């Protein structure tokens, strides 16, 4: 979508990389994570993540929370295709439903729970 990663890598490059990684690690899903525009929240030093399929969204929330150094009180919301995924879903289910044509799963994050 509005991701910076797609403006620095063309589709053919992303799709080729995504297909290989899905072959090199069939039990992992490649995830691109970027801050949503207009969001007031800390930045993420790295945006490309290789995540085990059985990790839940709630466990990825916490992992991302630490990388941004968010307190447990501070709000954090994920958006996949403008929808907030359930915390009880796994990253494997989320990837299988929502992966784009380059075989990447795209997640935006924000301090706001409303699209946005």
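If you superpose the two forms and keep the largest set of C-alpha atoms that fall within 1.5 Å, you have the rigid core. Residue numbers count along the first chain shown, from 1.
Student: After superposing on the rigid core, which of 33-41 and 71-79 has its C-alpha atoms sitting farther from this form in 7 other deposited structures of this protein?
Tutor: After superposing on the rigid core, the more displaced stretch in 7 other deposited structures of this protein is 71-79.
Student: On mean Cα temperature factor in this entry, is 43-51 or 77-85 the higher one?
Tutor: 43-51 has the higher mean C-alpha B-factor.
Student: Please compare 88-96 with 19-27 and name the stretch with the higher mean C-alpha B-factor in the deposited structure.
Tutor: Mean B over CA atoms: larger for 19-27.
Student: Once the chain's modelled residues are ordered by C-alpha B factor and cut into thirds, is residue 68 in the lowest, middle or highest one?
Tutor: For residue 68, whose C-alpha B-factor we compare with every modelled residue in the chain, the answer is the middle third.
Student: Within this chain, which third does the Cα B-factor at residue 5 fall in: lowest, middle or highest?
Tutor: Its C-alpha B-factor, which the entry lists for residue 5, ranks in the middle third among residues of this chain.
Student: In terms of the CA temperature factor given in the entry, to which third of its chain does residue 103 belong: lowest, middle or highest?
Tutor: It falls in the middle third of the chain.
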